[PDB]
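Residue numbers (mature numbering (1 follows the signal peptide of the UniProt record, and there is no 0)): 1 to 101, 103 to 129.
The beta carbon of each residue, even a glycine, is placed where N, CA and C say it ideally should be.
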Ligand SMILES: [Pt+2]
Ligand SMILES: [Pt+2]
Ligand SMILES: [Pt+2]
Ligand SMILES: [Pt+2]
Ligand SMILES: [Pt+2]
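Written out as structure tokens, the structure reads:
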């Protein structure tokens with residue numbers, strides 16, 4: 001699934017991300033847009049043989065096991081393929097773990114392209 005902005009924002013709100021560890025919902029919607037362009041199926045390969053998976057492009061080196069990367073730690077305790085589902089639950093729950101671990106610094110595209118902007122604009126004009 002390729003979500004639309006307010007659709008994802010509502011789905012993220014209900015899985016408890018508005019304001020998780022001080023990050024408002026627009027931050028997560030913004031990160032999802034630049035990480036994955038809302039695509040629950042996105043996968044990106046990395047120079048170290050790791051892969052980022054799902055709407056939030058969570059990396060197999062630390063977070064999930066895809067059986068095709070070293071050397072990984074599987075700290076969310078899930079297979080990475082679980083992060084490519086149309087229901088964002090596993091990704092949101094893994095993302096809570098990652099920000100419990103330097104805040105949203107883990108997401109390069111977030112610090113690059115969201116941090117510093119009026120991130121609340123991302124959710125404006127949505128019934129939440
Ligand atoms: Pt799909
Ligand atoms: Pt849901
Ligand atoms: Pt949830
Ligand atoms: Pt603005
Ligand atoms: Pt809307």
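Of the residues assessed, residue 61 falls on the buried side of the cut-off, its CB having 16 or more other CB atoms within 10 angstroms. Nearest neighbour of residue 88 by Cα position, chosen from 49, 120, 32 and 115, turns out to be 32. In this model, residue 5 and residue 15 are separated by some 16 Å (Cα to Cα).
With 7 Å as the limit between CB and the heavy atoms of ligand 3, the residues that fall short of it are 15, 16, 89, 92 and 93. Excluding sequence positions up to five before and after residue 121, its CB lies within less than 6 Å of the CB of 26, all in the same chain and listed in chain order. Per DSSP, reduced to three states, the secondary structure at residue 21 is coil, with no helix or strand assignment.
In this chain, the alpha helix (DSSP H) harbouring residue 93 covers 89 to 100. In the three-state scheme derived from DSSP, where H, G and I count as helix and E and B as strand, residue 39 is classed as strand. In the structure shown, residue 65 falls within a strand segment according to DSSP collapsed to helix, strand and coil. In the three-state DSSP reduction, residue 106 falls in the helix class (H, G or I). Taking C-alpha positions only, residue 2 is separated from residue 40 by approximately 6 Å. If you ignore the 5 residues before and after residue 30, its C-beta comes within less than 6 Å of the C-beta of 115, 120 and 123, all in its own chain and listed in chain order.
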